[PDB]
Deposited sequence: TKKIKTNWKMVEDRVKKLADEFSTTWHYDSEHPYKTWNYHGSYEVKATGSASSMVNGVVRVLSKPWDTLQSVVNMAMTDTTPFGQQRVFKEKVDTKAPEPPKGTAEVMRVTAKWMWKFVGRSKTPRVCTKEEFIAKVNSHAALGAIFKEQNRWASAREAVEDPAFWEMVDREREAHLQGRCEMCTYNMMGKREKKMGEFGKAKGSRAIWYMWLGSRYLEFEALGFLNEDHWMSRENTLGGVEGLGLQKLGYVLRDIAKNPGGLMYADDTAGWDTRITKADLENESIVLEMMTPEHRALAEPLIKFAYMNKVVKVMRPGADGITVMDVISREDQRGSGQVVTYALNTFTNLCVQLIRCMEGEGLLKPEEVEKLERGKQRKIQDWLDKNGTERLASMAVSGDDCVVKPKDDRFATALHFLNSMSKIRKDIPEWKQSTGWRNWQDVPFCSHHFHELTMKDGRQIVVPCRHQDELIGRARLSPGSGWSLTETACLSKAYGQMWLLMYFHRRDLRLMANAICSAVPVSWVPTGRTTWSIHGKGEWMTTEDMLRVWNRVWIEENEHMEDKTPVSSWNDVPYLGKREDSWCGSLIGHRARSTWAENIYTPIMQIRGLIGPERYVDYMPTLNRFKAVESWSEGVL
C-alpha cells in the first residue's frame, strides 16, 4: 500500500518500455510487491577466467561460480538472500535504539557539521577512479546531463521522485573463504549516475568529511588502511575488560530494519532547512521506498526485467552504505554492552521500565566514551572488548533487533578470544613480530589459500596478456606490502615481478575491502613504499630508521606460517622454489621482448 511513494518511478519505467511492458502473475517475489515486467537483452555472464600468469607461477596450488551477472544469477541471490524481511524491533527495544541513536548523532556531530556536497567534488571523484552516454567522465562533461540532475533535483524539492530507481546487477562473492575465493552471496546494486550525485549532494558529507573516522567516533576505523588495523586491536587489548568478541551478523544489509533507517534519518535534525529540503525527499524516496529492476529468466529463451518495491532494506549501493552501517553497528554493540552490564533486563525488550530511558542516557553519558574506545567497527564487521564477560550472554536485545549472529544457534552463548592476535576483523587476523633490528611490528595475515585463490581468477573473458600481467603484478606488489611475512607469497610475488616487465604499471582490482588503499598500485620500488608505509607513516614506530634491504623485512614464524596455510616443508613447494626460474622465463617468452629485472636473489 505504498503505491503513492513509488507511483512516479514505476510509471516512467512502464511508459518508456510500454511496447513490451506487461504483468507476470507467476513472479516469485514474496516480500516485494510486483508491478510489471518488460523484456530486455541478457547482460553479463558467469565466466571466471583463470590467470595464466598466476597459474604457471603457483603450480603446487593447482589443487586449490564467483560473480553472476547472468539473469539466472540475479534471481538466485534475490530468492535466497535479498527477498526477505527482517522483523521490526518491539516497542521496548525501539526506545533503546532511538535513545542510542540520538546520543550517537549528537556525539559524532560534536565538531563536524553537515554540509551540501557540490558537483565539483562529484566531478573530482568520477575523474579519479550509461544508456545514451557511454562513460561516466563523458556524462559529467555534458551540460545536458546536469539538466537531468536539475529536473530530478527540482522534483525532490517538490516532493516527487521519478528516476531514483535501483538496478539489481547480480552477485559478487563477499569473502574468499575455504579456497579459490568463493564465499558469500553478497548482492551488488547500481543506480543512475544522476541519482548518485543527488545522493552524494545530500549525504556525501558523511564520507567526504570522515564522520566515521576513529578520531570522531572512537570506535570506527574509517579511512584506516589494513596496516593500521592491527595496532588498533592491540591498543584495545591494553584497556581493561573481558575477552574480545567478534561476531558476524548474517545478511546484515538484509537485516536493516525500518527503525534503523528512522534512527539514522534523525541526522536531518542536525542539518539546515535548505540542506534538509534536498536530503529529506531522497531518504524517503530512495532508501525508504525503493524501486528495483531485476532480471528474471523467461520462456522461449528470453530475458525479462521486473519492477518491484519494498520499505526497509539497505541498498548496499547507497553512497553512505558503509557510513550508515558503521553508525548503526556502533549503536548495536553499545546496546548489547548495556544488557551485559545489567542496565537492560531481558524483559525490557517488550516494554522499557519506568526510569530506564534517562538512565540509559546517563550510562551513555558516562560510559559511552570508554565503551566506544574499546571497539573496532568497520561496516558490519565489529570487535568489542566489553566491561566483563557477561556480554557473551547478552543476546536478548541483539536478537530482538534482528541482528542475529552468523553460524551459531540463536541463544547459544558467544565465545570470546583471549589473545587479540586471534581476533578476526575484516577477513584478517594480525600477528605481532619482532624484527631483526629488534623493533616490533604488527602485520595483517589471513590463510594463504584465500590470497592465492583470488589472484588465480580474473573477472570475465576477453583478457589480453598485457591486461592479465598487470593484474598479476598488482597482486604481487600487494603481497609485498601487506603479506611480506608469508614466505610463499613473497617468493611468488617476486616471481610475478620478475616475469612481468618493470615499466608496466599494475592495474586491476586486487581487493574489495574499503581498507585496501592501493599503495601497491604504483611503479615505484616496493621497498621504498614499504619504508614509507610501515616506518615513516607508522604512528606506532618511534624509531624511524629505514629498512635497508628486503632481508631485514621479517617473516612469520615457521610454526605460525605453517598454521596459516604455508606449504613450507612439503616436497611440492621445495621443487617449486628450486625451479622457479623456469615459469618466469616462460611468461617472458609469451610476453615478448622487453626490459625485465630478476628479483629472486633478493630472497
| property | result |
| --- | --- |
| In sequence order, the deposited-sequence ranges that have no modelled C-alpha atom | 1-5, 70-75, 141-149, 624-637 |
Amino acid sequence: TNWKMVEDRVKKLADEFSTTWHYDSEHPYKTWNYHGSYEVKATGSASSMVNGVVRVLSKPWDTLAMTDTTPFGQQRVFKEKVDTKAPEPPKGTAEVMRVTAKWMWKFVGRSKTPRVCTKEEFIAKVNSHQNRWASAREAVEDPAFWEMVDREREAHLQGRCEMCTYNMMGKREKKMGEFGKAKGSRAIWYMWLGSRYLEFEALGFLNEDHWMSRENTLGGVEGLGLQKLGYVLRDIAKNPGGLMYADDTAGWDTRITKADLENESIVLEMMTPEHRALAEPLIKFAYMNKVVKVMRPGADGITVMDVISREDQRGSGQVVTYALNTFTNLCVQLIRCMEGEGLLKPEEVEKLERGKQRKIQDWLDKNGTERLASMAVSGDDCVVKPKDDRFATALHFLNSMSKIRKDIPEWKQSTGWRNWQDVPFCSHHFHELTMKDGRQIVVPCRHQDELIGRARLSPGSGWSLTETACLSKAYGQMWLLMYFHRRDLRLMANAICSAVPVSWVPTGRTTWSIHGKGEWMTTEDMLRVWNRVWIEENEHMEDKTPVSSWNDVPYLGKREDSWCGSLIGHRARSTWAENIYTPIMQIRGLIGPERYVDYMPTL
From here on, numbers count along this sequence of modelled residues.
query	finding
Selected stretch [higher average CA B-factor]: 490-498 or 120-128	120-128
Of 558-566 and 44-52, the stretch whose C-alpha atoms average the higher B-factor in the entry	44-52
Highest-ranked of 374, 477, 316, 213 once sorted by CA temperature factor in the record	316
Largest Cα B-factor, entry values, listed residues 281, 109, 219, 462	462
Record-listed C-alpha B factor of residue 431: chain third	lowest
B-factor third for the C-alpha atom of residue 548 within its chain	middle
Third of the chain's Cα B-factor distribution that residue 334 belongs to, per the entry	lowest
Chain-wide C-alpha B factor ranking for residue 587, given as lowest, middle or highest third	middle
Position of residue 264 among the chain's modelled residues by C-alpha B-factor, lowest, middle or highest third	middle
